[PDB]
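Worksheet: the structure to be examined is printed underneath.
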Amino acid sequence: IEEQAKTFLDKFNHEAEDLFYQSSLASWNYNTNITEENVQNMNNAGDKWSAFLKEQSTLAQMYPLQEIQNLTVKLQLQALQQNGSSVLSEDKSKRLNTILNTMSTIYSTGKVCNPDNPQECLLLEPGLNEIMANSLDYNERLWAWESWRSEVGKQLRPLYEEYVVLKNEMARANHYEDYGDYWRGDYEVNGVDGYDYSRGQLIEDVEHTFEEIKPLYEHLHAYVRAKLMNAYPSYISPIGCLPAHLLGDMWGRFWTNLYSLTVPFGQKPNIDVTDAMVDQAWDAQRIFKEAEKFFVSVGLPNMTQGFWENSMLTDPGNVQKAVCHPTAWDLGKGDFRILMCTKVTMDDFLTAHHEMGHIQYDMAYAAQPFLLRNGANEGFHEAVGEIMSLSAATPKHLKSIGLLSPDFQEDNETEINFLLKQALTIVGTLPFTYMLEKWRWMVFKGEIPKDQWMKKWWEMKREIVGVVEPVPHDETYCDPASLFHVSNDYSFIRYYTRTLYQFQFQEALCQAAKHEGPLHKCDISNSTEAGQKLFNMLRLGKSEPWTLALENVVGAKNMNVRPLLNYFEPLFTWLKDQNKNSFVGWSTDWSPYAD
Amino acid sequence: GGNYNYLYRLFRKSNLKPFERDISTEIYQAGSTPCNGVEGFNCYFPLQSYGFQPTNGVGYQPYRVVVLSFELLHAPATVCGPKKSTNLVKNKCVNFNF
Ligand SMILES: *[C@@H]1O[C@H](CO)[C@@H](O[C@@H]2O[C@H](CO)[C@@H](O)[C@H](O)[C@H]2NC(C)=O)[C@H](O)[C@H]1NC(C)=O
Ligand SMILES: *[C@@H]1O[C@H](CO)[C@@H](O[C@@H]2O[C@H](CO)[C@@H](O)[C@H](O)[C@H]2NC(C)=O)[C@H](O)[C@H]1NC(C)=O
Ligand SMILES: *[C@@H]1O[C@H](CO)[C@@H](O[C@@H]2O[C@H](CO)[C@@H](O)[C@H](O)[C@H]2NC(C)=O)[C@H](O)[C@H]1NC(C)=O
Ligand SMILES: *[C@@H]1O[C@H](CO)[C@@H](O[C@@H]2O[C@H](CO)[C@@H](O)[C@H](O)[C@H]2NC(C)=O)[C@H](O)[C@H]1NC(C)=O
Ligand SMILES: *[C@@H]1O[C@H](CO)[C@@H](O[C@@H]2O[C@H](CO)[C@@H](O)[C@H](O)[C@H]2NC(C)=O)[C@H](O)[C@H]1NC(C)=O
Ligand SMILES: *[C@@H]1O[C@H](CO)[C@@H](O)[C@H](O)[C@H]1NC(C)=O
């Protein structure tokens, strides 16, 4: 009966909140002060949380799921009843964890040695990522691109084939058709009177939104190709694809390292307020106190006053071994801490606004039950953090926060320099993200057999992304598995939808703050009505369907690409005038070796 | 490490009458199945403990409460406020209260 499930969850909601607390408090003491008497302090305290949750999970199947009427207590029950693994045979369950540990340690400890000196050998993160991000030598970028895929990616090919079979068995025992349908279960919504969403409906909404970005991406692809021919003459065709090893990093995920070759007006400095911070003696604490004044300006609460003692805003005065990585912690019981090692720079002035945005999202849904204290889907949590960073990087906000000469002149040449640096990171990553999840979805359902994995991968690079390989690759390579998110078992569609939600939030908040100009000049400071539009979504958590959360801000029930294109229309107008003598589009027949 | 000595009751058959008190420790029975003094599904111990810890956000830290309740049965009198006294002005037509 349904009233027994309510009494089940309230014993759960008070044993979990304490056991999650000290399992996360011990993870704080390891992260900010590393010993090994802290790693053993967090492994036993971490396993008491994991052993407790599988005990309550096997108690949750005593209650049926379709004999429930209240939507909230049904949502908590389905998130706890989830079997996930453990549906496999107990010798297949230990084979799967052996593969996931072997693929993870090949990616982090794989070395590449030089053919002129076999005694010097580079790892990926120090040394191989620096070549792909800084070099202008064609022959050295071609060496680092091919040798990472032929010496490390060939080890992951027999391991990734066994990984697909075991993950499809686990997904079909949980009544999905494949493992790709298991990943799309985040966006599913069942029976809330007009807000429903199918797991197959996500596939059409991604492909419908993508064919409206292809006019903008084609003009960006044509402008970068014309600028890369001056940097690498006799290597690039003026009507063809771009070679895969000249894109700024190892995989071509972000084009953000191509800015020094593709800058529109290099005689205008892109605005940088780092010298005005060290001329006014701003400490470590000023960067967060101006960040807290931004959020109280819009109508959001202060920091919790436990935030100021418990947090560790710099690396300590001790030479203290403590993972230095910006992050926002939500230990529980209303205890919010930020861990970062901040330097006096406009870079960490902006990520301070980003990391505080995770905190203000966390402080808002802290009145829901324990199992609904996440973002409404996997994409909302990063998207609310980046609309705080866009509004703080504007020169309108910088001159009113005291950091820009009240006699500063923004010209139309510097807005093109700023918008093109945004499009190399935002627009340049959208066909990469769409192509990769489309390839992984077709591998799991079996539309691509294993004798055509690397054949269909490079046909989709030339057609969707416009990127050609420099050396042909047969079915002994596995080039997707040489990325971190593929070999470490992570979903990748959250980076596509976060980019679309980010400009839907920003365009909906700037109509409430009564903006008049272009969308990229907007700032939501001093408003109250925009914050009330934002706070009505922030407090929902997972208690409502995410389509119901979007109408509280945007006014629509689906993700939309038209606010993303309105942000880049000053660039799209300027790009169509720079490509009057160029060719827009590419040919899938040209190759850098096929002459 | 958590002060686990401060408990509260989280299951009862029926809400309390005003100023009523209940220190029993019988195993609660949520479902219809009888409990027979042992724990299990739908048979819960009725007391939980605040695990208080010094690094808790406000609203999670312990507050001490005192409830004063003045009652007036039907006696002849009892405790009350204090009494203020001024100075005695000797020699002058005065308005006095002794
Ligand atoms: C890292 O934290 C641990 C524990 O928080 C520190 O180790 C000991 O902590 C106790 C407190 O319970 C002290 O009485 C001991 O003196 C600490 N050990 C030592 C060797 O000092 C540890 O000190 C912290 N790390 C550093 C570098 O201070
Ligand atoms: C079941 O649904 C009802 C409404 O559909 C929820 O009722 C609300 O409960 C809160 C506190 O529990 C009250 O403050 C509200 O006034 C109630 N609303 C109404 C309309 O009466 C109820 O909370 C849900 N059950 C659970 C366990 O959350
Ligand atoms: C979870 O996996 C189990 C198999 O281990 C599935 O079958 C359940 O088996 C248990 C006994 O171990 C029964 O109590 C359940 O009734 C069975 N399933 C149900 C509730 O029909 C079970 O179907 C899986 N649960 C999910 C999430 O589908
Ligand atoms: C920035 O604004 C100036 C001012 O309008 C633009 O200069 C004009 O450019 C057009 C097209 O080349 C000419 O027909 C006008 O005669 C120019 N104006 C003047 C006063 O000379 C300039 O092109 C703009 N730059 C960008 C990048 O948009
Ligand atoms: C936006 O908010 C800021 C912060 O309160 C306002 O800045 C104040 O501006 C006045 C006059 O411009 C100064 O006298 C104050 O010293 C400023 N305050 C601070 C804390 O620096 C700003 O005026 C607001 N914008 C509008 C349009 O009202
Ligand atoms: C936030 O804190 C400041 C001082 O730190 C205070 O003046 C302000 O009133 C606080 N905000 C609210 C809503 O009380």
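Chain labels A, B, ... are given in the sequence in which chains occur in the structure tokens; within each chain residues are numbered consecutively from 1, and ligands are likewise numbered from 1 in the order shown.
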At most 9 Å is the cut-off: for each residue in chain A with any atom that close to an atom of chain B, write down the nearest atom pair and the distance in Å rounded to one decimal, counting only C-alpha atoms, chain first then increasing number, as CSV.
residue,atom,partner,partner_atom,distance
A:1,CA,B:31,CA,8.4
A:3,CA,B:31,CA,8.5
A:4,CA,B:31,CA,6.1
A:7,CA,B:30,CA,7.1
A:8,CA,B:42,CA,7.4
A:10,CA,B:10,CA,8.9
A:11,CA,B:44,CA,8.4
A:14,CA,B:48,CA,8.0
A:15,CA,B:48,CA,8.8
A:18,CA,B:51,CA,7.1
A:22,CA,B:1,CA,8.6
A:59,CA,B:41,CA,7.9
A:62,CA,B:41,CA,8.9
A:304,CA,B:57,CA,7.2
A:305,CA,B:57,CA,8.3
A:306,CA,B:57,CA,6.2
A:307,CA,B:57,CA,8.7
A:310,CA,B:55,CA,7.8
A:332,CA,B:56,CA,8.4
A:333,CA,B:56,CA,6.1
A:334,CA,B:57,CA,4.7
A:335,CA,B:57,CA,4.8
A:336,CA,B:57,CA,7.8
Expected answer as a PyMOL selection string: residues within 9 Å of ligand 5, only C-alpha atoms and all ligand atoms: chain A and resi 293-294+297+397+400-402+525-527
Next on the checklist: What residues of the protein or nucleic acid chains come within 8 Å of ligand 2 when you use only C-alpha atoms and all ligand atoms? Reply as a PyMOL selection string.
Outcome noted: chain A and resi 6+70-73
Kindly save the residues from that selection, with N, CA, C and O atoms included, as a short mmCIF file (atom, residue, chain, number, x, y, z; two decimals), in the first residue's frame.
data_model
loop_
_atom_site.label_atom_id
_atom_site.label_comp_id
_atom_site.auth_asym_id
_atom_site.auth_seq_id
_atom_site.Cartn_x
_atom_site.Cartn_y
_atom_site.Cartn_z
N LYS A 6 5.64 5.81 2.09
CA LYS A 6 5.98 7.10 2.68
C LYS A 6 6.74 6.91 3.99
O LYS A 6 7.75 7.58 4.23
N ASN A 70 0.92 9.56 -5.84
CA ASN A 70 1.65 10.82 -5.67
C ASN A 70 2.90 10.82 -6.53
O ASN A 70 3.67 9.85 -6.51
N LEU A 71 3.11 11.88 -7.30
CA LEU A 71 4.21 11.93 -8.25
C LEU A 71 5.56 12.07 -7.56
O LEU A 71 6.57 11.59 -8.07
N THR A 72 5.57 12.72 -6.40
CA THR A 72 6.84 12.95 -5.71
C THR A 72 7.37 11.66 -5.10
O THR A 72 8.54 11.32 -5.28
N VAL A 73 6.51 10.92 -4.40
CA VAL A 73 6.94 9.65 -3.80
C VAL A 73 7.16 8.57 -4.85
O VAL A 73 7.86 7.59 -4.59
#
Q) When the cut-off is 9 Å and you count only C-alpha atoms and all ligand atoms, which residues lie near ligand 1, shown as a ChimeraX atom specification? A) /A:29-30,32-35,37-38,318-321
Please dump the current selection as an mmCIF file, in the first residue's frame; keep N, CA and C atoms.
data_model
loop_
_atom_site.group_PDB
_atom_site.id
_atom_site.type_symbol
_atom_site.label_atom_id
_atom_site.label_comp_id
_atom_site.auth_asym_id
_atom_site.auth_seq_id
_atom_site.Cartn_x
_atom_site.Cartn_y
_atom_site.Cartn_z
ATOM 1 N N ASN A 29 38.604 16.148 3.800
ATOM 2 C CA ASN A 29 39.876 16.168 4.509
ATOM 3 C C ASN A 29 40.975 15.497 3.707
ATOM 4 N N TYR A 30 40.620 14.563 2.832
ATOM 5 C CA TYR A 30 41.609 14.032 1.908
ATOM 6 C C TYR A 30 41.923 15.036 0.814
ATOM 7 N N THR A 32 41.899 18.316 0.842
ATOM 8 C CA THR A 32 42.565 19.570 1.159
ATOM 9 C C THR A 32 43.841 19.366 1.960
ATOM 10 N N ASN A 33 44.165 18.125 2.319
ATOM 11 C CA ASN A 33 45.356 17.794 3.093
ATOM 12 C C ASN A 33 45.626 16.314 2.809
ATOM 13 N N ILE A 34 46.557 16.041 1.893
ATOM 14 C CA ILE A 34 46.758 14.660 1.479
ATOM 15 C C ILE A 34 47.809 13.984 2.350
ATOM 16 N N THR A 35 47.400 12.904 3.005
ATOM 17 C CA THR A 35 48.286 11.908 3.596
ATOM 18 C C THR A 35 47.895 10.590 2.951
ATOM 19 N N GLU A 37 47.046 8.376 5.579
ATOM 20 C CA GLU A 37 46.122 8.152 6.682
ATOM 21 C C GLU A 37 44.836 8.954 6.525
ATOM 22 N N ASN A 38 44.713 9.723 5.447
ATOM 23 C CA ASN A 38 43.432 10.253 5.030
ATOM 24 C C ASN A 38 42.799 9.477 3.883
ATOM 25 N N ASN A 318 50.967 26.671 4.497
ATOM 26 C CA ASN A 318 51.791 25.479 4.458
ATOM 27 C C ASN A 318 52.024 25.102 2.999
ATOM 28 N N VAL A 319 53.166 24.483 2.719
ATOM 29 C CA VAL A 319 53.328 23.807 1.441
ATOM 30 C C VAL A 319 52.553 22.499 1.586
ATOM 31 N N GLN A 320 51.271 22.574 1.256
ATOM 32 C CA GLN A 320 50.301 21.575 1.671
ATOM 33 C C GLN A 320 49.816 20.814 0.447
ATOM 34 N N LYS A 321 49.998 19.499 0.465
ATOM 35 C CA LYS A 321 49.583 18.678 -0.658
ATOM 36 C C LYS A 321 48.062 18.618 -0.663
#
Near segment 349-358 of chain A, counting only C-alpha atoms, which residues have an atom at most 6 Å away, once you skip same-chain residues fewer than 6 positions from it, shown as a short mmCIF file (atom, residue, chain, number, x, y, z; two decimals) with N, CA, C and O atoms, in the first residue's frame?
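selection_5.cif, freshly written:
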data_model
loop_
_atom_site.label_atom_id
_atom_site.label_comp_id
_atom_site.auth_asym_id
_atom_site.auth_seq_id
_atom_site.Cartn_x
_atom_site.Cartn_y
_atom_site.Cartn_z
N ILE A 287 37.75 38.95 -4.47
CA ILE A 287 37.18 38.31 -5.65
C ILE A 287 35.88 37.59 -5.33
O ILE A 287 34.95 37.61 -6.15
N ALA A 291 31.87 38.92 -5.85
CA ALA A 291 30.99 37.92 -6.43
C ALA A 291 29.72 37.77 -5.62
O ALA A 291 28.64 37.54 -6.18
N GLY A 385 25.70 27.74 -14.05
CA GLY A 385 26.97 28.28 -13.64
C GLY A 385 27.63 29.17 -14.67
O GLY A 385 28.44 30.02 -14.30
N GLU A 386 27.30 28.99 -15.95
CA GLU A 386 27.97 29.73 -17.00
C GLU A 386 27.23 30.99 -17.44
O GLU A 386 27.84 31.84 -18.09
N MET A 388 26.25 32.97 -15.12
CA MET A 388 26.84 33.90 -14.18
C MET A 388 28.18 34.42 -14.67
O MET A 388 28.58 35.54 -14.35
N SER A 389 28.89 33.61 -15.46
CA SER A 389 30.20 34.01 -15.97
C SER A 389 30.09 34.89 -17.21
O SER A 389 30.97 35.73 -17.43
#
Check your understanding: atom CA of residue 112 of chain A and atom CA of residue 142 of chain A, how far apart in Å?
Key ->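 Taking atom CA of residue 142 of chain A and atom CA of residue 112 of chain A, their separation equals 13.5 Å.
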Considering only C-alpha atoms, return as an MDAnalysis selection string whatever protein or nucleic-acid residues lie within 12 Å of residue 225 of chain A, sequence-local ones (same chain, fewer than 5 positions apart) excluded. chainID A and resid 218:220 230:233 235:243 246:247 258 261:262 466:467 579 582:586
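Atom CA of residue 259 of chain A lies 17.0 Å from atom CA of residue 347 of chain A.
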Within 12 Å of ligand 3, counting only C-alpha atoms and all ligand atoms: which residues, as a ChimeraX atom specification?
/A:54,57-66,77-90,170-176
Selection from above, N, CA and C atoms, as an mmCIF file, in the first residue's frame, can you write it?
data_model
loop_
_atom_site.group_PDB
_atom_site.id
_atom_site.type_symbol
_atom_site.label_atom_id
_atom_site.label_comp_id
_atom_site.auth_asym_id
_atom_site.auth_seq_id
_atom_site.Cartn_x
_atom_site.Cartn_y
_atom_site.Cartn_z
ATOM 1 N N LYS A 54 23.037 -0.136 -1.180
ATOM 2 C CA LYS A 54 22.554 -1.369 -1.787
ATOM 3 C C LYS A 54 21.687 -2.173 -0.834
ATOM 4 N N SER A 57 18.415 -0.426 -1.350
ATOM 5 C CA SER A 57 17.933 -0.690 -2.699
ATOM 6 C C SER A 57 17.231 -2.030 -2.786
ATOM 7 N N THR A 58 17.748 -3.048 -2.101
ATOM 8 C CA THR A 58 17.090 -4.345 -2.151
ATOM 9 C C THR A 58 15.881 -4.403 -1.231
ATOM 10 N N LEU A 59 15.720 -3.420 -0.347
ATOM 11 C CA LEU A 59 14.476 -3.287 0.392
ATOM 12 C C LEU A 59 13.408 -2.562 -0.407
ATOM 13 N N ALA A 60 13.792 -1.798 -1.423
ATOM 14 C CA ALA A 60 12.825 -1.006 -2.161
ATOM 15 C C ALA A 60 12.006 -1.821 -3.144
ATOM 16 N N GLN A 61 12.441 -3.029 -3.502
ATOM 17 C CA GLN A 61 11.613 -3.793 -4.421
ATOM 18 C C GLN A 61 10.490 -4.537 -3.720
ATOM 19 N N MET A 62 10.355 -4.403 -2.402
ATOM 20 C CA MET A 62 9.165 -4.927 -1.747
ATOM 21 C C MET A 62 7.946 -4.082 -2.073
ATOM 22 N N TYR A 63 8.149 -2.814 -2.377
ATOM 23 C CA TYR A 63 7.010 -2.014 -2.786
ATOM 24 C C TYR A 63 6.896 -2.010 -4.303
ATOM 25 N N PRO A 64 5.723 -2.325 -4.844
ATOM 26 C CA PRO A 64 5.504 -2.149 -6.281
ATOM 27 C C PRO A 64 5.498 -0.678 -6.648
ATOM 28 N N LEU A 65 5.648 -0.419 -7.941
ATOM 29 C CA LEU A 65 5.891 0.941 -8.399
ATOM 30 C C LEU A 65 4.669 1.540 -9.087
ATOM 31 N N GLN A 66 3.768 0.710 -9.604
ATOM 32 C CA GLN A 66 2.607 1.210 -10.327
ATOM 33 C C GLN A 66 1.370 1.290 -9.441
ATOM 34 N N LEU A 77 11.010 6.780 -5.426
ATOM 35 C CA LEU A 77 11.083 5.331 -5.398
ATOM 36 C C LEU A 77 11.784 4.783 -6.624
ATOM 37 N N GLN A 78 11.612 5.424 -7.777
ATOM 38 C CA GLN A 78 12.213 4.894 -8.990
ATOM 39 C C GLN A 78 13.711 5.142 -9.018
ATOM 40 N N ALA A 79 14.173 6.229 -8.410
ATOM 41 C CA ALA A 79 15.597 6.519 -8.353
ATOM 42 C C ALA A 79 16.342 5.632 -7.370
ATOM 43 N N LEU A 80 15.641 5.005 -6.432
ATOM 44 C CA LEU A 80 16.253 4.106 -5.468
ATOM 45 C C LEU A 80 16.113 2.649 -5.852
ATOM 46 N N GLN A 81 15.091 2.314 -6.632
ATOM 47 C CA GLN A 81 14.824 0.924 -6.971
ATOM 48 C C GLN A 81 15.742 0.454 -8.090
ATOM 49 N N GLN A 82 16.445 1.395 -8.727
ATOM 50 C CA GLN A 82 17.258 1.157 -9.914
ATOM 51 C C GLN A 82 18.360 0.139 -9.674
ATOM 52 N N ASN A 83 18.274 -0.990 -10.366
ATOM 53 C CA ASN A 83 19.244 -2.065 -10.201
ATOM 54 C C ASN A 83 20.626 -1.779 -10.768
ATOM 55 N N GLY A 84 20.679 -1.150 -11.936
ATOM 56 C CA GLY A 84 21.950 -0.852 -12.566
ATOM 57 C C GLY A 84 22.708 -2.154 -12.713
ATOM 58 N N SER A 85 23.925 -2.203 -12.188
ATOM 59 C CA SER A 85 24.714 -3.424 -12.260
ATOM 60 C C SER A 85 24.074 -4.427 -11.315
ATOM 61 N N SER A 86 24.749 -5.541 -11.070
ATOM 62 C CA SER A 86 24.219 -6.559 -10.172
ATOM 63 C C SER A 86 23.105 -7.377 -10.821
ATOM 64 N N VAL A 87 22.794 -7.070 -12.075
ATOM 65 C CA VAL A 87 21.766 -7.802 -12.803
ATOM 66 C C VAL A 87 22.472 -8.889 -13.596
ATOM 67 N N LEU A 88 23.789 -8.747 -13.676
ATOM 68 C CA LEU A 88 24.656 -9.680 -14.371
ATOM 69 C C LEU A 88 25.012 -10.849 -13.466
ATOM 70 N N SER A 89 25.567 -11.897 -14.074
ATOM 71 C CA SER A 89 26.176 -12.974 -13.313
ATOM 72 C C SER A 89 27.410 -12.456 -12.583
ATOM 73 N N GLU A 90 27.701 -13.066 -11.434
ATOM 74 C CA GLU A 90 28.689 -12.509 -10.517
ATOM 75 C C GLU A 90 30.120 -12.654 -11.032
ATOM 76 N N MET A 170 23.710 -5.689 -19.436
ATOM 77 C CA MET A 170 23.226 -5.018 -18.238
ATOM 78 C C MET A 170 22.043 -4.114 -18.543
ATOM 79 N N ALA A 171 21.999 -3.533 -19.740
ATOM 80 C CA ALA A 171 20.900 -2.647 -20.091
ATOM 81 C C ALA A 171 19.648 -3.415 -20.484
ATOM 82 N N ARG A 172 19.802 -4.586 -21.098
ATOM 83 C CA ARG A 172 18.647 -5.374 -21.497
ATOM 84 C C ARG A 172 18.030 -6.139 -20.337
ATOM 85 N N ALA A 173 18.784 -6.381 -19.270
ATOM 86 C CA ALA A 173 18.210 -6.938 -18.056
ATOM 87 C C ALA A 173 17.475 -5.899 -17.226
ATOM 88 N N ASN A 174 17.667 -4.611 -17.513
ATOM 89 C CA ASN A 174 16.914 -3.537 -16.881
ATOM 90 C C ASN A 174 15.812 -3.006 -17.787
ATOM 91 N N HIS A 175 15.409 -3.790 -18.791
ATOM 92 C CA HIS A 175 14.315 -3.511 -19.721
ATOM 93 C C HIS A 175 14.532 -2.241 -20.533
ATOM 94 N N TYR A 176 15.750 -2.065 -21.037
ATOM 95 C CA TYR A 176 16.064 -1.156 -22.126
ATOM 96 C C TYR A 176 16.462 -1.994 -23.333
#
### Query
When the cut-off is 7 Å and you count only C-alpha atoms and all ligand atoms, which residues lie near ligand 6, shown as a list in words?
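Residues lying within 7 Å of ligand 6: residues 296, 301 and 302 of chain A.
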Distance in Å - atom CA of residue 31 of chain A versus atom CA of residue 323 of chain A: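 Distance reported for this atom pair: 5.8 Å.
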For the contact check between chain A and ligand 4, emit one row per residue of chain A within 8 Å, containing the shortest atom pair and the distance in Å rounded to one decimal, counting only C-alpha atoms and all ligand atoms, chain then rising number order, as CSV.
residue,atom,partner,partner_atom_place_in_ligand_line,distance
A:411,CA,ligand 4,1 (C),7.1
A:412,CA,ligand 4,1 (C),4.9
A:413,CA,ligand 4,27 (C),4.8
A:416,CA,ligand 4,27 (C),6.6
A:574,CA,ligand 4,28 (O),6.9
task: Skip residue 143 of chain A itself and residues of its chain fewer than 2 positions away, then list as an MDAnalysis selection string all residues within 12 Å of it, counting only C-alpha atoms.
output: chainID A and resid 112:116 128 131:132 135 137:141 145:151 245:246 250 470:471
Can I get the selection written as a compact mmCIF listing (two decimals), in the first residue's frame, with N, CA and C atoms?
# COMPACT_ATOMS: atom_id res chain seq x y z
N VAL A 112 54.42 7.56 -25.10
CA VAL A 112 54.82 7.64 -26.50
C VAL A 112 56.28 8.04 -26.54
N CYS A 113 57.11 7.25 -27.23
CA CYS A 113 58.54 7.51 -27.28
C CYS A 113 58.96 7.98 -28.67
N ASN A 114 60.03 8.77 -28.69
CA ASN A 114 60.48 9.45 -29.90
C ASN A 114 61.30 8.49 -30.77
N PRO A 115 61.12 8.52 -32.09
CA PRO A 115 61.92 7.64 -32.95
C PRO A 115 63.34 8.12 -33.20
N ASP A 116 63.70 9.35 -32.82
CA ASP A 116 65.08 9.81 -32.85
C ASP A 116 65.81 9.53 -31.56
N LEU A 128 52.40 15.81 -24.37
CA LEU A 128 51.70 15.54 -25.62
C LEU A 128 50.54 16.50 -25.83
N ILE A 131 52.29 19.86 -27.13
CA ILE A 131 52.62 19.89 -28.55
C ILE A 131 51.39 20.22 -29.38
N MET A 132 50.27 19.58 -29.07
CA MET A 132 49.05 19.78 -29.85
C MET A 132 48.43 21.15 -29.63
N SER A 135 52.34 23.97 -30.93
CA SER A 135 53.25 23.84 -32.05
C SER A 135 52.65 24.38 -33.33
N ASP A 137 54.62 23.41 -36.19
CA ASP A 137 55.31 22.50 -37.09
C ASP A 137 54.31 21.46 -37.58
N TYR A 138 54.20 21.31 -38.90
CA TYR A 138 53.29 20.32 -39.45
C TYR A 138 53.75 18.90 -39.13
N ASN A 139 55.06 18.65 -39.19
CA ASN A 139 55.56 17.30 -39.02
C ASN A 139 55.57 16.84 -37.58
N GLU A 140 55.63 17.76 -36.62
CA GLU A 140 55.59 17.38 -35.22
C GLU A 140 54.16 17.19 -34.71
N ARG A 141 53.21 17.96 -35.24
CA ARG A 141 51.82 17.73 -34.89
C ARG A 141 51.30 16.45 -35.52
N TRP A 145 49.90 13.20 -33.25
CA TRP A 145 48.53 12.77 -33.49
C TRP A 145 48.47 11.29 -33.81
N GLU A 146 49.38 10.82 -34.66
CA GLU A 146 49.31 9.44 -35.14
C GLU A 146 49.84 8.46 -34.10
N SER A 147 50.86 8.86 -33.35
CA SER A 147 51.49 7.93 -32.41
C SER A 147 50.68 7.73 -31.15
N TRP A 148 49.82 8.68 -30.78
CA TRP A 148 48.92 8.45 -29.66
C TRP A 148 47.83 7.45 -30.04
N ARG A 149 47.41 7.45 -31.30
CA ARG A 149 46.34 6.55 -31.73
C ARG A 149 46.86 5.17 -32.09
N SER A 150 48.12 5.05 -32.50
CA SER A 150 48.65 3.77 -32.93
C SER A 150 49.32 2.98 -31.81
N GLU A 151 49.70 3.63 -30.72
CA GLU A 151 50.36 2.95 -29.62
C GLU A 151 49.50 2.81 -28.38
N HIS A 245 44.90 16.97 -37.53
CA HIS A 245 45.99 17.23 -36.61
C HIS A 245 46.38 18.70 -36.55
N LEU A 246 45.56 19.59 -37.09
CA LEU A 246 45.86 21.02 -37.12
C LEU A 246 44.75 21.85 -36.47
N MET A 250 44.28 17.49 -29.26
CA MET A 250 44.47 16.12 -29.71
C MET A 250 43.28 15.58 -30.49
N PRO A 470 44.74 12.31 -41.63
CA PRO A 470 45.96 12.41 -42.45
C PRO A 470 46.55 11.07 -42.85
N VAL A 471 46.21 9.99 -42.15
CA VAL A 471 46.75 8.66 -42.40
C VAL A 471 45.56 7.70 -42.33
Margin query: Need to verify the contact set: segment 298-300 of chain A, 12 Å, only C-alpha atoms, exclusion of same-chain residues closer than 3 positions in sequence. Can you return it as a count of residues only?
Written below: 35
### Task
Might you pull out every residue within 12 Å of segment 475-477 of chain A, with only C-alpha atoms counted and same-chain residues fewer than 6 positions away left off, and present them as a ChimeraX atom specification?
/A:146-161,449-458
Could you dump the residues just selected with C-alpha atoms as a PDB file, in the first residue's frame?
ATOM      1  CA  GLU A 146      49.307   9.444 -35.141  1.00  0.00           C
ATOM      2  CA  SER A 147      51.486   7.931 -32.413  1.00  0.00           C
ATOM      3  CA  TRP A 148      48.917   8.449 -29.663  1.00  0.00           C
ATOM      4  CA  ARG A 149      46.344   6.553 -31.727  1.00  0.00           C
ATOM      5  CA  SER A 150      48.646   3.768 -32.928  1.00  0.00           C
ATOM      6  CA  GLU A 151      50.363   2.954 -29.618  1.00  0.00           C
ATOM      7  CA  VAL A 152      47.605   3.584 -27.059  1.00  0.00           C
ATOM      8  CA  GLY A 153      44.379   3.367 -29.068  1.00  0.00           C
ATOM      9  CA  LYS A 154      45.318  -0.044 -30.442  1.00  0.00           C
ATOM     10  CA  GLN A 155      45.468  -1.411 -26.892  1.00  0.00           C
ATOM     11  CA  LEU A 156      41.888  -0.275 -26.254  1.00  0.00           C
ATOM     12  CA  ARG A 157      40.383  -1.950 -29.336  1.00  0.00           C
ATOM     13  CA  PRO A 158      40.039  -5.529 -27.936  1.00  0.00           C
ATOM     14  CA  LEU A 159      38.939  -4.099 -24.579  1.00  0.00           C
ATOM     15  CA  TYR A 160      36.229  -1.816 -25.971  1.00  0.00           C
ATOM     16  CA  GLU A 161      34.633  -4.641 -27.970  1.00  0.00           C
ATOM     17  CA  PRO A 449      28.867  -3.996 -36.937  1.00  0.00           C
ATOM     18  CA  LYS A 450      32.357  -4.377 -35.555  1.00  0.00           C
ATOM     19  CA  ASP A 451      34.002  -4.753 -38.973  1.00  0.00           C
ATOM     20  CA  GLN A 452      32.896  -1.194 -39.828  1.00  0.00           C
ATOM     21  CA  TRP A 453      33.565   0.781 -36.623  1.00  0.00           C
ATOM     22  CA  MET A 454      36.508   2.764 -37.984  1.00  0.00           C
ATOM     23  CA  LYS A 455      35.023   2.916 -41.471  1.00  0.00           C
ATOM     24  CA  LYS A 456      31.836   4.620 -40.289  1.00  0.00           C
ATOM     25  CA  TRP A 457      33.723   6.834 -37.822  1.00  0.00           C
ATOM     26  CA  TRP A 458      35.769   8.629 -40.475  1.00  0.00           C
TER      27      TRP A 458
END
Please, which residues of segment 10-85 of chain B, numbered as in this document, come out strand (DSSP E) from DSSP, as a PyMOL selection string?
chain B and resi 28-29+43-44+47-52
